[PDB]
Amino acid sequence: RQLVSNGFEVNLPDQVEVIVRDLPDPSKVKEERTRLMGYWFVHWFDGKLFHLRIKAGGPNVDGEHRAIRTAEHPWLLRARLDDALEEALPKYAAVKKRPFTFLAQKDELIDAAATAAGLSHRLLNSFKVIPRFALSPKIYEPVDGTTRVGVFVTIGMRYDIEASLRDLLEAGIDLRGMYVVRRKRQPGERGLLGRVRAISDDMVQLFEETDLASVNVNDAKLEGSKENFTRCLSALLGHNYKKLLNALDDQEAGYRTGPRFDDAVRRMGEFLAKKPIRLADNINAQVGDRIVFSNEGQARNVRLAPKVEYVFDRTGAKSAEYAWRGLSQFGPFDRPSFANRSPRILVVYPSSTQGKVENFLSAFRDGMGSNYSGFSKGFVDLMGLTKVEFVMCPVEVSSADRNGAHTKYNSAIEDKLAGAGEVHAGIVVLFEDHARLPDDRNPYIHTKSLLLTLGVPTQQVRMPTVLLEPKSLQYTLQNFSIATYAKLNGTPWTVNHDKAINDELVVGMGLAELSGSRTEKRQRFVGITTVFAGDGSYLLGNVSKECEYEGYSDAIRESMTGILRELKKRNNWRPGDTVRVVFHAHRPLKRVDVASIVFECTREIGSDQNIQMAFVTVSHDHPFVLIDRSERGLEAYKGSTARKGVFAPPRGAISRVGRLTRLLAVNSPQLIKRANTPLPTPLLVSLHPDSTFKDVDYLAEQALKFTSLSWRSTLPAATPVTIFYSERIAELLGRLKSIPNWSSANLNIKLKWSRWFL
């Protein structure tokens, strides 16, 4: 067993002589870093200023002399390494600092892609795609108790349209509504100027503007987004444009794919190693071996968790390693107890889509047949219901109507339901042009609002989805059917876990930031989800209707304390029973929040039981990546020479970075989509230092199980449902807070068991 990292060992001196002096006000640090520039590295920490002489010659410095040892206090050399790595690469210019980030000098993938697919155009040479390397010096533990410093290498692509705006007009590219950014930017200033309304003389007209309502064509380029790229190129190349993207895709894979990335990291290391890195003029550092995660000798830095089982009965007999293979065979987890076996479902659609909807509904309810083995049985027989009655609600509305769409939908729903009687759920079909209208006239959010107020949960769908070719539709209907069943109060599947303790609660927090435009300032909302341990199973609990970011810390403990009281009454804990509480979020909580949570929970359950509490954070966007060299990968498809997910660690691999931090692999070769897919990056799982429960390996495995618990999809989610579901609830409820005639009254009455947020 061995997993290789994207980092290199850094040999540092055992000791270093530093000059220190008390400096309670950090305000004076910036001026001193300038005064001593060139001769001293300077660093502020815990009320004191530290000075490392990096070059002989004055000026001089006062204070106590102390020997800072690397093994004990690695943070000083780690910080110094940020600057020293830059100085060691003078022919590479820093596009950003800490981490030190720079670009490849020779390579440019659009040029190479033009040659490879054989395309040619004038302005093509003004669309630049340049590899981007970052070097992050990070502290890690080979074994518990000992800390070292490693330099980790990450690669990205810099997309940039330096083409002038006057050129893109004359070539027939419509610039109306494209975002625009500055060329020179600009001691700490903003880049985003605004959107393009039209161009005057040597002047652009900006709506949704960040500052001024206009700028010179010279002081403004398009932002290097996919959107802007695809929009420009397609107008300059179509239909030969798709040929360029496949070509560009091949080039990028030349840096992103496992073997390629491993190679690129290897080559980066040799280059950094080829000379000593001058920490000072007399003090040297040196890049060593590629850092590994292994169980070699005293080290215990890698394990593979078992496969996640999907469970479809209360005992645990019926199970599978995939959700859909399991559901097809056994049916949903709660079939025996599922109350409503003849659900009436409202279907709201533009009258002009009648025929296309009927077929989609036919496929959904009654299946696509054995020719399309992804979705054969159809919703009814799949979930083990008697039947599904549709109440058809056509809407006199057209895609071109972008101001009256929402009132037309709501009028039609209102008038339909007035007769009709009670409906248990609804499906709403949307025009592509209506899907992203502002919330004041968006039919998605307004129908959602109306129907959720009335206690009717909805699964919505856009017309391009309804019109998918059969081969895609079958997978679409898998997800559609799973979510709809869950919105009808269903429990499709669970994941295995054998209870070691008498009860286990996991609560998660998710964040949404809402805004009508980029210019407009973003308002923050928060959601809370809960997962319980059961007999052999994890069970999704109740969900918040509380919303605002302010007092989020209070909302957490109220959810926790109220739930703990409910759990204690329900399960009636014995003296000496252990209760565990775990918190998940994408950010760490404050120490004061942890202390407060801990106190309130502890006293609420009382002294009769033992309380274990852990506060976990989950990162997607860190500098670590895992490489498994024993992984040959899988056929890109049955059955070619190309392979996908080469060098990709198995799903469930857990690597030890430190005492509080683990790396979790989630995307196996099986799940990786195609040959050009980059090497996956693992989830970083971090335990808050004030946690009373400590087994982070267990918690990393628990987080993995919770990615399989999502009923949005048949395939696992990117993050555990505790956070993911909470983000969805934060977005919806945040958006609904601005829709008139919205009430949450039914969220814990008619919708109490509905997973309406999927």
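Only the largest set of C-alpha atoms that superpose within 1.5 Å between the two forms is called the rigid core. The first residue of the sequence shown is number 1, and the count goes up from there.
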After superposing on the rigid core, the stretch whose C-alphas lie farther from this form in 7 other deposited structures of this protein, comparing 76-84 with 194-202, is 194-202
After core superposition, the stretch with larger RMS C-alpha deviation in 7 other deposited structures of this protein, comparing 631-639 and 594-602, is 631-639
Taking the deposited Cα B-factors and averaging over 225-233 and over 146-154, the higher mean is found in 225-233
Going by the entry, of stretches 19-27 and 746-754 the one with greater average Cα B-factor is 19-27
Per the deposited B-factor column, the C-alpha that peaks among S686, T677, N282, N496 belongs to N282
Max C-alpha B-factor within the set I199, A363, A435, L454 falls on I199
Of the three thirds of the chain ranked by Cα temperature factor, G633 occupies the middle
For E32, the third of its chain by CA B-factor is the highest
The third of the chain into which the C-alpha temperature factor of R78 falls is the middle
Of the three thirds of the chain ranked by Cα temperature factor, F41 occupies the highest
Split the chain's modelled residues into thirds by Cα B-factor; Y444 lands in the lowest
